[PDB]
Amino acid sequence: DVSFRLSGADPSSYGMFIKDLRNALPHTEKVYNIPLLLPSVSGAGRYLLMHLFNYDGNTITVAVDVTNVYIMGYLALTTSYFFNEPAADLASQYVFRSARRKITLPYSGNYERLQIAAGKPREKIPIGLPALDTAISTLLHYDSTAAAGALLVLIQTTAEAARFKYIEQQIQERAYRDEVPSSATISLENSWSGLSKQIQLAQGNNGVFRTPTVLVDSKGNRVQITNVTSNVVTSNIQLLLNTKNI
């Protein structure tokens, strides 16, 4: 498992958590020096448990699919909660067996749907370590509308920071003040699968993407990523979604 405590949290211990989370995702191979997530994993080995504690020290456990870093659901005291999607239903066979009841959220895990349930797109939802404290607090008691927003916080501050060093750094910047995600943050999250695919296809195209990926950069400007020498590939991206799952 991996754990993260908001109590006493600073950029450094959040950095330790994101490293532990990355280290808990298995791989047999690196492609341009980036771990390649597995095509699949059978049984309960497929899910990582992240124990998250808010400032007060109350806790949820979040089940994460180790092949794609998708959050599947979570446990809050004696109740499990899963996304309304077949992968999550499948996960519910293996994790949080002991929960007194299992609630299916009234939405799937994707950003479009979640932004609809929450009432705001991501661009307008502040993230940060305080927002992550809020989200834990929210998930501890069922409220599907609130939960959508809390899940949008939780996905970005865990999975998305695991995937990209830049996003991890953005969150370290808001260790004590939330702020809506930068344009680059949103662009990177939206491009992970596209990027993961092009990096893998470059492997026999001399490092050249077959299709250039458009991103917004750290300065807010619209770049074209055409090859693996780009700093998005050399510095930023930390995990690749296997093309077998694309």
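Numbers follow the displayed sequence, beginning with 1. The term rigid core refers to the maximal set of C-alpha atoms that superpose within 1.5 Å between the two forms.
In terms of root mean square C-alpha deviation after superposing on the rigid core in 9 other deposited structures of this protein, the stretch standing farther out between 219-227 and 21-29 is 219-227.
Checked against the record, the higher mean CA B factor of 212-220 and 49-57 lies with 212-220. When 132-140 is weighed against 117-125, 117-125 comes out higher, by mean CA B-factor as recorded in the entry. Note on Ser98, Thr104, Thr157, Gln170: the highest value goes to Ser98, judged by CA B factor as recorded. Across the options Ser196, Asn68, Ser40, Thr185, the residue with the most elevated CA B-factor in the record is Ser40. Per the PDB record, residue ranking by Cα B-factor puts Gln238 in the lowest third of the chain. In the deposited entry, the Cα temperature factor of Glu179 places it in the middle third of its chain's modelled residues.
In the deposited entry, the Cα temperature factor of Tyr94 places it in the highest third of its chain's modelled residues.
Among all modelled residues in this chain, the alpha-carbon of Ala88 has a temperature factor (C-alpha) in the middle third. In this PDB entry, the Cα temperature factor of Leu77 sits in the top third of its chain's modelled residues, the highest group.
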